[PDB]
Structure formats: C-alpha cells, structure tokens
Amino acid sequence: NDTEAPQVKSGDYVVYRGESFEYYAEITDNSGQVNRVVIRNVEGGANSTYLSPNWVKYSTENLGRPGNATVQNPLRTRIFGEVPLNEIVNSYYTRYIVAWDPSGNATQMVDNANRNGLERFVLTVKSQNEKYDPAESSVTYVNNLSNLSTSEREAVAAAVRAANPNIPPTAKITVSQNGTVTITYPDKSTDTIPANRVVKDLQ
C-alpha cells in the first residue's frame, strides 16, 4: 500500500552525430526505494519496453534497495549511447521513463510537452559541429590578404588546430585563398571561422 509512484527529473538531452553522450535521470519515491526503471517510446502497453533508436541505452545501479530513491540520495539512471554518423538531421525522439516502487506503483506516462524534463524527455540529434565552438587562435600575419599562399593557408590551419585540441582529430581544417577557415567534422558537418579573426596583413 504505497499511493504515490516514483517521480522522475530528466533534462534536455542533446546528442551529436559522431559523438557519445551520457545523461542522468534522478528518481525519487515516497517509499525511498525504487525497484524498476524502464525507458520506452509512447507506443506499447503497460508492460511495453520498446525503445528506439537502438543506439539509445540506459542503466540504473542500486535498484530494489531501501533508501536508494530518497531526496537526499536520488536514484540515478544513466542514459547514454553513440550516435552513428549516418543519422538524419533536420530529428528528435520523445521518450518516457517509467519507475516502479515496491507496492507496484508505476510512473504514469502523460503524452504532453509540458512534462518534458520530468519523466518525459526529448533526445535531439544534431550535427557534429554543434558540439564544438572553435576558438579564435593566434593571428597569422600574411603578405597579402587577397592572395594567401599555400604555406600561409597551412599555417592558419595549424594555428587553428593548436587552439582547438578538443576538436575531433579526424576533423579536416582547410583555409581558402582569402583566409576563411572551414572545419569539416567526421559527419561532414561544417564550422567556419572568419578570415578576419585568424589572418592579418601589414598593408
């Protein structure tokens, strides 16, 4: 005889093509113990467990144990996966977390955007470039801004790389004849650094 069901707090899970992700949901019951956590699409039934895409994974530690879902020490569900590079972008998936208390109460699924962040969350897939924000590097002084030579293009690409070590090693850095930088990430998405922040002349 428990009357309330476990409550969930999740978040805004933005994931990126080519990159791994890892988010956590916090679960608390009035009983202080939660015995089961399921993450699923709205389709199904009560015991449905279908979740798509298949690359979305979840895990929970310390299930079914007194006080593992208290306000002082919330139950935490790890939501993680690896987005493949061939995933469409424009794309988001609305999902549900269901938790179970010892008396059997299950989190109620409510199909409404007003629940996003709680037991309902959105997993938004974005392009790789949306994960990084390349930093303005060393200014590279060149002879002429309208005609960067090959070596000046290579020097600007090496300086951008030196300022941005977080950026995927496989990302390609190219510089044009007027000095604009193009960062092509592994999923072929693109970031571009203006020529006036990385290149200068004395004319």
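Don't overthink the numbering: it's just position in the shown sequence, from 1. The term rigid core refers to the maximal set of C-alpha atoms that superpose within 1.5 Å between the two forms.
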Exercise for review: Consider 190 to 198 and 10 to 18 separately and indicate which one has Cα atoms farther, on average, from the shown form in 5 other deposited structures of this protein after rigid core alignment.
Suggested key: 190 to 198
Practice item. Using RMS Cα distance over all structures and residues, flag whichever of 101 to 109 and 129 to 137 lies farther from this form in 5 other deposited structures of this protein after a core fit. Key: 129 to 137
Revision key, fill the gap. Between residue 90 and residue 91, the number of deposited residues left without coordinates comes to 1 to 3
**Study point:** Between the two ranges 115 to 123 and 100 to 108, the one averaging a larger CA B factor in the entry
**Key:** 100 to 108
Review point. If you rank every modelled residue in this chain by C-alpha B factor, which third holds residue 180: lowest, middle or highest?
Key: highest
Study note, to complete from the structure: Sorting the chain's modelled residues by C-alpha B-factor and splitting them into thirds places residue 49 in the middle
Review point. By its CA B factor, does residue 94 count among the lowest, middle or highest third of the modelled residues in the chain?
Key: lowest
Practice item. Looking at the entry's B-factor column for C-alpha atoms only, identify whether residue 86 ranks in the lowest, middle or highest third of its chain. Key: highest
Review point. C-alpha B factor of residue 11, ranked within the chain: lowest, middle or highest third?
Key: lowest
